[PDB]
Protein chains: 4
Amino acid sequence: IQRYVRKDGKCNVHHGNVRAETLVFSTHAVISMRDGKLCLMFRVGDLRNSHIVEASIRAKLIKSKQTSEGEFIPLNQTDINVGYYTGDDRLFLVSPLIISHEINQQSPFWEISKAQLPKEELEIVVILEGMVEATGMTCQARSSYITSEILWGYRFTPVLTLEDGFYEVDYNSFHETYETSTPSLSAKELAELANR
Amino acid sequence: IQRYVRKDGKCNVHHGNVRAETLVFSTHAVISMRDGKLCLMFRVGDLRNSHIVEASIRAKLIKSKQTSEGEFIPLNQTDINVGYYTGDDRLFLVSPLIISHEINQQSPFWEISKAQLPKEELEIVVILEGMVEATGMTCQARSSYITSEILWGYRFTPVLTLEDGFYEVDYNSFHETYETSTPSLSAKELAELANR
Amino acid sequence: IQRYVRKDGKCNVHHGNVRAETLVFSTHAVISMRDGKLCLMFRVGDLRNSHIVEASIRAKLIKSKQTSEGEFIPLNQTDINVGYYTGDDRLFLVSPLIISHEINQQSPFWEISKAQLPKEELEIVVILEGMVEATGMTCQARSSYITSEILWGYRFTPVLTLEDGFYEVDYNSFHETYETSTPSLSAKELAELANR
Amino acid sequence: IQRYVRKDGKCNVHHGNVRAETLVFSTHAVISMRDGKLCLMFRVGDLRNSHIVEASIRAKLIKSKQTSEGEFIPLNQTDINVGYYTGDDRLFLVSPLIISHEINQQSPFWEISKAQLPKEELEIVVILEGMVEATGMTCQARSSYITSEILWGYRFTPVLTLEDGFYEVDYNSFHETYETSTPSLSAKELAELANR
Ligand SMILES: [Mg+2]
């Protein structure tokens, strides 16, 4: 069993690193099943040459909406759950990670089906926050996924491989994704169907 | 669909910006229905020329009170819920936002009706907190809404408009508000009535 | 109605202030009823000449204990609830505040009666944390309450008075406390008795 | 009763201290019963010559996994509960502490028995985070526990002793541990058995 982190806290990624370069999110987001739940996921890269202390991830849904009373909100913001409750948004960013927002009753994608997706006018804003160990200062990295950028029924290619006592990152695959069998019903719909 | 945030994280607000100027809250707060719940809301502006990382919002109710045991607390503080539980107080401040505190059983405005409002001796203190990307340092901006400053049965004028691939802010409307049909019962009261 | 905080965010405490001096906790802690719940409370002062951004309060119970399996923990730590869940530990420190830990089933003082108190070998450690606006840096102030320092059946004298459009703090009363009718049963006990 | 923390906030540990040296986690982790619940625990040392403000602890489980849909995640991360919900991960690090993750239904060790442990391919990554009072800057200390490093059915030797009005730390015992009667069933198993 090859350790990921050594006893003295130095990680075993990127042989011969030194722990500006900007951080990178995947260009696309994918939606597909993980242990019977539908999930929207996007990938978030590390910083090749520095740790990010107190790193956290959050996402906003930006979407215009009209309240049952006729109030119209341009570009309304609401928070997408990417680990907030269990502390799984407190990232340990030492190699690219797939962040997953599980689509449940409280998720805004609850009723969005495959067909219905390309119709919706929305944008996921993703936001990484954390203190760069090296620099001492607080960073923020952002990115965005509009409708046409969320690929339904795909999964992220793995990029992490163990080679000679270090784990190397094939950054070429970073944005690459592949197709997999995935129902085209909405989450709400899978739930109804399952629950009888 | 015109993006709000570009792939590399630069937002599309305030054409030709550069991301001291002080931040601004609305002068008044409004109370009115959103999807069948009564809501107290106030607006909170952005910083025209800088992002605010790890920006959060909180509000205190300052109100003198007497405990059933006769203890009298001058200017007692209690926390107003403006997204604390779901992470909707973790703001993405890139254009003025209406913050909403939904008036539920645990809200102190639960039993405050329209008539009853101008009678109560209270003050909402609003507090924005966050690190100014530019400056590196932690900012705090505060403001206040006393009774006469909460307008019952109004809504905030929208200020956000898309113009030629950027979203511009009509800062003139920032404080402006308009009237709308709104019941004059208290939340507790609407709840009773609805629940039979 | 004299405002506590002005529209531009400047508070109306300590006429002619300028917003080292150390922060101060009360020398004693008191235990007494507030709206039918028993409460341990201690007072925590402000900084006469500076705000404290992102100010929070927490408390630890330090008490030696033996697990049902015979493991003996010297000076075991467990967290005392002083607003953690509702965000009432996120302080707005602009005049001395009484912090209250309500003694409920999950509080370690649940079964501690008046008689039983002076028998217990314990220490409350109180810890204020926050960034000094002036200094830019993170402060921590601590203090402690051992058994003999928790006064049962008392209340904190008020210190806050409005004088000519500013609220002045009578710092003399800061530590002073007074007696009030308070049952000498433990919380667990009041609960049983009440619940029949 | 010898105080642990004095009225003015100075702690009574390490006679003649001055409040680089690196922080230290125990080399091993132990698993054993505390008040009828099974617990994985590891020890985390203080900094002999400085306090750590806003100190927090978190742990990740790193373990490769395959989703019921065949997706294979190398070195999957999931958060281990070490006080997140009650605020017991907000440490008061003034002498080495045993951090305890109670193994319940939501813990990944739920179904891991004594026999089954040495078979599993996993790694606990532990991460201390906090601002060094002295230095002004944010620190991160990390360490790791692979399978062979978690000792089943052991307890941490105590290291804290009161000597002449100060509490001294026998740093020799810091990593030392001892054996105790402990069932070899998994938590899930003890639960079933107990619950009839
Ligand atoms: Mg911070």
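Residues numbered from 1 in each chain as written, not as in the entry; some residues may be left out. Chains lettered and ligands numbered in written order. Heavy atoms only, no water.

Method of determination, as annotated in the archive: X-ray crystallography, at 3.3000 Å resolution.

(A) Quick look at the pairing of strand 5 (residues 97-102) of chain A. Residues and elements named next belong to chain A. With burial as the criterion, only one face of strand 5 is covered, namely that bearing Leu-97, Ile-99 and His-101; the residues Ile-98, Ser-100 and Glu-102 on the opposite face remain uncovered. The sheet contact formed by strand 2 (residues 37-44) and strand 5 spans six bridges and is antiparallel. Residue pairing for strand 5: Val-44 is matched across the bridge by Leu-97. (Buried < 20%, exposed > 50% of the residue type's maximum accessible area, 1.4 Å probe, protein only. Helix = DSSP H or I, 4+ residues; strand = E, 2+ residues; numbered from the N terminus. Pairing = 2+ DSSP bridges.)

(B) Representation of the relation of the copies chain D and chain A in the model. When chain D is fitted to chain A, the best match, at an RMSD of 0.0 Å, comes from turning it 90° and sliding it 0.0 Å along the axis. Seen this way, the second copy is the image of the first under a four-fold rotation axis. The overlap is low: 6% of the interface residues of chain D also sit at the interface in chain A, so different surfaces are used on the two sides. (Least-squares fit on C-alpha atoms. Contact = heavy atoms within 4.5 Å.)

(C) Quick look at the pattern of salt bridges. For the structure shown, the criterion picks out 44 salt bridges over all chains. One salt bridge connects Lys-65 of chain A with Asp-35 of chain B, and the closest N-O pair in it is separated by 2.8 Å. One end of the pair, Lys-65 of chain A, is in strand 3 (residues 52-66); the other, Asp-35 of chain B, is in the loop between strand 1 (29-34) and strand 2 (37-44), on a second chain. With relative accessibility at 28%, the residue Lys-65 of chain A sits in the partly exposed group. Overall, the relative accessible area of 37% leaves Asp-35 of chain B in the partly exposed class. Its salt-bridge partner being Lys-188 of chain A, residue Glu-192 of chain A comes within 3.0 Å of it at the nearest N-O pair. Remark: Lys-188 of chain A and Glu-192 of chain A occur in helix 1 (residues 187-194); sequence separation between them is four residues, near one turn of the helix. With relative accessibility at 42%, the residue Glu-192 of chain A sits in the partly exposed group. Look at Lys-188 of chain A and you get partly exposed, because its relative accessible area is 30%. (Salt bridge = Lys/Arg side-chain N within 4 Å of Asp/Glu carboxyl O.)

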